[PDB]
Ligand SMILES: CC(C)CCCCCCCCCCCC[C@@H](C)CCCCCCCC(C)C
Ligand SMILES: CC(C)CCCCCCCCCCCC[C@@H](C)CCCCCCCC(C)C
Ligand SMILES: CC(C)CCCCCCCCCCCC[C@@H](C)CCCCCCCC(C)C
Ligand SMILES: *C\C=C(C)/C=C/C=C(C)/C=C/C1=C(C)CCCC1(C)C
Ligand SMILES: *C\C=C(C)/C=C/C=C(C)/C=C/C1=C(C)CCCC1(C)C
Ligand SMILES: *C\C=C(C)/C=C/C=C(C)/C=C/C1=C(C)CCCC1(C)C
């Protein structure tokens, strides 16, 4: 079909489904309560991402916010997916370092302004302001990364970079490739980090 | 007024209000903490449903997604209501069988993709895809019903059936009756199951 | 710029940022888990409010729902902000009076219908119904204030008053001043109550 990045969306869908299937199959037997918590969180993330990728694939989680004299396609379902998977991720990270609820709520709270503000950046029609939201979102990311303190850092910090050179940002790489880099980013975070 | 199913919406509003009133009155005296938790959850569900039904009654939680060559009315407030009442319900079911947070989060997590995906099915303009979302939502329902394991099963499984023959699905029964069957479904789940 | 209340939005942004900065700086050193919980909640509220005020300032969290023969500007980001800050607030109040989860969920549950219904009132195009939602929202406020039982009462009860004489309600004071009174209201609740 006519949308260059459909194949990256299609690859994304496939890899998220499969990994869900995989963590689902792998969850059985888990009776240890704690272990069940880890498993449920690890299974749910790609599940969610699977439905989000399918919606973008299907062209539903996509919309054309105008800016820079341009009518631009924006996959708002990306943010929809990060809104729910990133705090769960942190839930997992919180069990590792065994973080208090105090730490947890600020971590999860900083996380929501993060994706909430990038989605606002995503959807603003006044190009100049997009980066203000981008910087406020990036500033919340560093809070999280900072309380969270080696691969989450590099993995999470790459989203703001691809956004910035992305076609939602400076516009340095076409959408077809920005989509590509997010997919690779989402699969490693949703599936590999869960595998790892 | 001109919308055939307004009376089913009106009946729905009335029954949700009344039952709220009822569980509200019945909650007083509850000092036992656990009991308070059961009461709060049972009171809140119809409360929410009361406001959702009123909005659809008032014609506000309604919208006309086009598909099948048709401009179709879709009560998106139904999903808005299920998004919040169904996990609370499960909260209650979780206390019965005393389910771990592990079990609880997957149960509540499976539940959100469930209504999230049906709402997407609800709102897609490409008729063919509606059922793909319908099946992904139904597949999450069975996870829940399956971890949840005799009346929740029959009650919950009826939503996907009415959706399917519903005017949001195959279109086998007109909207005026699909609304009817959901109301009967929602009241028994929101009020009777709470009573029961 | 051309929107009379921009300065109240600008003042609002500034005061929310500063107080965030302030509670952020003040949070450091906190190792006591409980104390961390109080600090995280107190820091997060103005953070959120800071981004909401900026969006309204930037004219993004604003929209023009028509009613009374009029095309009216409605700052939906106000509700977006209350949706998340008010339950956190109550989280704090819950720690003071040390409220059970039972009490907590009804408190937080009543709170969501509250802002959810006012936003519906905010957005209905049939002027008459706006107040029905207003009264249902106000009725949920009194539940909260009532379980919550001296300044939260007066502070929280003022939102429904300014709404009512506000330009989203009876229209007794122009928007430029309704915005003013909410800002003063939000800063004292978001920052002063946190300071206090
Ligand atoms: C991995 C095992 C043991 C079970 C199978 C899991 C099911 C899903 C298969 C896809 C998993 C993803 C690979 C993990 C690592 C990442 C960095 C993700 C890279 C994604 C891009 C695809 C490139 C192809 C691959 C060699 C995986
Ligand atoms: C029931 C008691 C003890 C208190 C009163 C509760 C307040 C609400 C009244 C409505 C309650 C609903 C009935 C419970 C059972 C269900 C299967 C729901 C069926 C709904 C349809 C209406 C048909 C009429 C009735 C005979 C209730
Ligand atoms: C207050 C201390 C110790 C630290 C500084 C906090 C950072 C933010 C500064 C603004 C704080 C707000 C004042 C608290 C009280 C309120 C009732 C809010 C009133 C808001 C309106 C502005 C009027 C100016 C002021 C005198 C604050
Ligand atoms: C899917 C799994 C993870 C960990 C996804 C993480 C996403 C982010 C950290 C995205 C961050 C953004 C920032 C910091 C700034 C621009 C907007 C984004 C939401 C892309
Ligand atoms: C209101 C109380 C309950 C238990 C409501 C339950 C609703 C569902 C189980 C709805 C399920 C759907 C599915 C499985 C598929 C189509 C979309 C629906 C959301 C209608
Ligand atoms: C920002 C901090 C707090 C405590 C904000 C509180 C807001 C309210 C209590 C708002 C209440 C409303 C009601 C009761 C009726 C009309 C709609 C409103 C949401 C404005």
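Going from the start of the chain as shown, residues are counted 1 onward.
A Cβ is built for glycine as well, from the same backbone N, Cα and C atoms used for every other residue.
Under the heading transmembrane segment, Swiss-Prot lists C:6-25 (among others).
The topological domain 'Cytoplasmic' feature in Swiss-Prot is assigned to C:26-39 (among others); the stated evidence is experimental evidence. Residues of the topological domain 'Cytoplasmic' (C:26-39) grouped by DSSP class, helix first, strand second and coil last, total 9 helix, 0 strand, 5 coil.
Per Swiss-Prot, the feature transmembrane segment maps to C:40-58 (among others).
Long-range Cβ contacts of the topological domain 'Extracellular' (C:59-75) within its own chain (Cβ-Cβ under 8 Å, at least 6 residues beyond either end) map to 3, 52, 122-127, 130, 167-168, 171, 175, 179. Annotation comment: Swiss-Prot describes C:59-75 (among others) as topological domain 'Extracellular'.
Look at Swiss-Prot and you will find C:81 tagged as site 'Primary proton acceptor'. There are 27 other CB atoms within 10 A of the CB of residue C:81 (site 'Primary proton acceptor'), with all protein chains counted. In the three-state DSSP reading, residue C:81 (site 'Primary proton acceptor') counts as helix.
Nonlocal intrachain contacts for the topological domain 'Cytoplasmic' (C:93-103), taken as residues 6+ away from its ends with a CB within less than 8 angstroms of a stretch CB, comprise 34, 37-38, 147-148, 152. Under the heading topological domain 'Cytoplasmic', Swiss-Prot lists C:93-103 (among others).
Annotation comment: Swiss-Prot describes C:104-123 (among others) as transmembrane segment.
Sequence-distant contacts of the topological domain 'Extracellular' (C:124-130) (same chain, at least 6 residues past either end, Cβ-Cβ under 8 Å): 65-68, 168-169. If you look up Swiss-Prot, you'll see C:124-130 (among others) marked as topological domain 'Extracellular', on the strength of experimental evidence.
According to Swiss-Prot, the feature topological domain 'Extracellular' maps to C:166-177 (among others), an assignment based on experimental evidence.
In sequence order, C:16, C:19, C:45, C:46, C:49, C:85 make up the list of same-chain residues 6 or more apart from residue C:190 (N6-(retinylidene)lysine) whose Cβ falls under 8 Å from its Cβ. Feature annotation from Swiss-Prot assigns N6-(retinylidene)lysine to C:190.
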**Request:** Please list, for the topological domain 'Extracellular' (C:124-130), how many residues fall into helix, strand and coil according to DSSP.
**Result:** 4 helix, 0 strand, 3 coil
**Asked** Looking only at the topological domain 'Cytoplasmic' (C:93-103), what are its DSSP counts of helix, strand and coil residues?
**Response** 7 helix, 0 strand, 4 coil
**Request:** For the topological domain 'Extracellular' (C:59-75), give the DSSP counts of helix residues, strand residues and coil residues.
**Result:** 0 helix, 6 strand, 11 coil
